[PDB]
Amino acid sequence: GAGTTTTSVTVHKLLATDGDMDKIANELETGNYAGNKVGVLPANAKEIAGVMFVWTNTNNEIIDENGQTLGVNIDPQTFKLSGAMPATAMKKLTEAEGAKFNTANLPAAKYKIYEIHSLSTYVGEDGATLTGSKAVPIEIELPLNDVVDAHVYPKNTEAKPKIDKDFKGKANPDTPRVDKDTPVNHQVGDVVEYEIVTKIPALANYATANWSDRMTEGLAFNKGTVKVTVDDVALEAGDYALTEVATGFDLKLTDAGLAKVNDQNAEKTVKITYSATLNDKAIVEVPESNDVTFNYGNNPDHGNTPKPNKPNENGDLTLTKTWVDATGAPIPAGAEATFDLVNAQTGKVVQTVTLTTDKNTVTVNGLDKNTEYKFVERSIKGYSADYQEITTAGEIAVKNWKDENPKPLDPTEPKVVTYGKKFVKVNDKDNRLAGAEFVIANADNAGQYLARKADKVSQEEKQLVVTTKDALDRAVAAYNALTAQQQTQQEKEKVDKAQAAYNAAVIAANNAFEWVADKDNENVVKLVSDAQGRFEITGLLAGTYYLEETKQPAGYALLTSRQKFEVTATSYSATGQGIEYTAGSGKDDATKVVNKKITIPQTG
């Protein structure tokens, strides 16, 4: 005999499906006299499970079921706990018909019951979380007058955040750009400026709020360009933890940071801006992309964004899944796990795979070994996706944490793409000529010549260019000092090998472009024909350019004219251009550059 005549209390957690909790109260007022089970609920309220309730004494100190204090306090204003939830605390999660506490051993007194957002599992429709609350904490003095089995009705609203990522200026969470997947033409060295705009509801109660971005290889994330504002106002050094990696970043609100978006009177607007440079690994007509995820919850969250990866040499790529609980400790497979294999350059779905509870891995074959892909986990209720950092080609690992948080926000991303042109050097009988050197101009007659910016190329890159150039010079000279019959496949390979090395060196040196006056300058992009007469230019914006030959094939004359050419969205790959880049390939994807040769005749 220590407790009271009120031997049980049941907490029913009510959700205001509209925004009106006051209206819920203004039906429970007029309905009751004392605290018995309400037979029927307002049309405006709904009872939800998965909300955690814990008992306190009148001073906000957590108690066990005999009313003993447990030396952890809860702040009456923020609801924040001063320690870890004590193991023997009188706490329980609501089930469909509420949380029924046994109150039989509690001494006569005043008590509080709090909602602990941070320890609940509830998740609304379309990933909404509980925001505002009315009549929390519950103040109940025991015994409840006349009642032995009491029932109480704490109230809540729920809300959802919104997001979109797009180029600087274009980001709109309410109506994302519909033609986003359409790549925008850019040249190498361009700085791409991105914008992330997140709307966070009023009275948010986030424990986590992390943004994570990962980029395909052809985009270099520009470190130190990240800026974050909340309603236009810059966050402070201590409001977030920013970690920067070669392929992008993770941005996490701290407690001071969350303070600024949580428990606020109006929808709040978070903006994160930053840039990336399209670099020398961009493959022509192959989009590059960023990819952001927003991982949030009333409970802490461990999910993040996928990491693109390439298949191994065999065109094989393997996903491997592991599972853990909110503390990081191993647990058995939570459920079926479905993933979409997305081509990471384009943003399009390659195929779908499912992992049954018993088989934690899957391998997909027949993939392009030059193409980056990602397995995007389809939302598993209760579970957040942690994509592990990439250590090797052909392997992607995913860890499933049982946070019990809403599905993450995953905006679509824009794309960017460079264009290019291919050529073959021939005589008038289509014989492929080696060693013809070319530069690119911006007019048929005067104008400037294409170069890489001096300030955007190091000395190592520069000398590799001249070293391979010199090397090529020698191979061409040797091949030219042979005769028609002696210039067989094996000898042409020699020239092809050297020209390939040169060509890669230029592509690597071409980190940026500028137009200049002098064709003699060292930075001028020079193109050279291989023994199959081939040369290409990659990394360009669309437009009209003009080849100028600077040194003709041995035995031939110098062209006294520039050759006009068009760079387009398909000029690098389109068939029907007049000649095979590589003989016998079946695709005439190049333009012929026809050299002339003066001959001295005879008579009689």
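So that there is no doubt, residue numbering starts at 1 and follows the sequence shown.
For the segment pair 443 to 451 and 383 to 391, the entry gives 443 to 451 the higher mean B-factor, averaged over Cα atoms.
Here the stretch with the larger average CA B-factor, out of 460 to 468 and 317 to 325, is 460 to 468. In this structure the maximum Cα B-factor among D213, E404, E236, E195 is found at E236. Across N299, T483, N295, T346, the greatest Cα temperature factor reported in the deposited entry is at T483. When the modelled residues of the chain are ordered by their C-alpha B factor, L14 lands in the middle third. When the modelled residues of the chain are ordered by C-alpha B-factor, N185 sits in the middle third.
When the modelled residues of the chain are ordered by their C-alpha B factor, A475 lands in the highest third.
When the modelled residues of the chain are ordered by their C-alpha B factor, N595 lands in the highest third. Among the modelled residues of the chain, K223 sits in the lowest third by CA temperature factor in this PDB entry.
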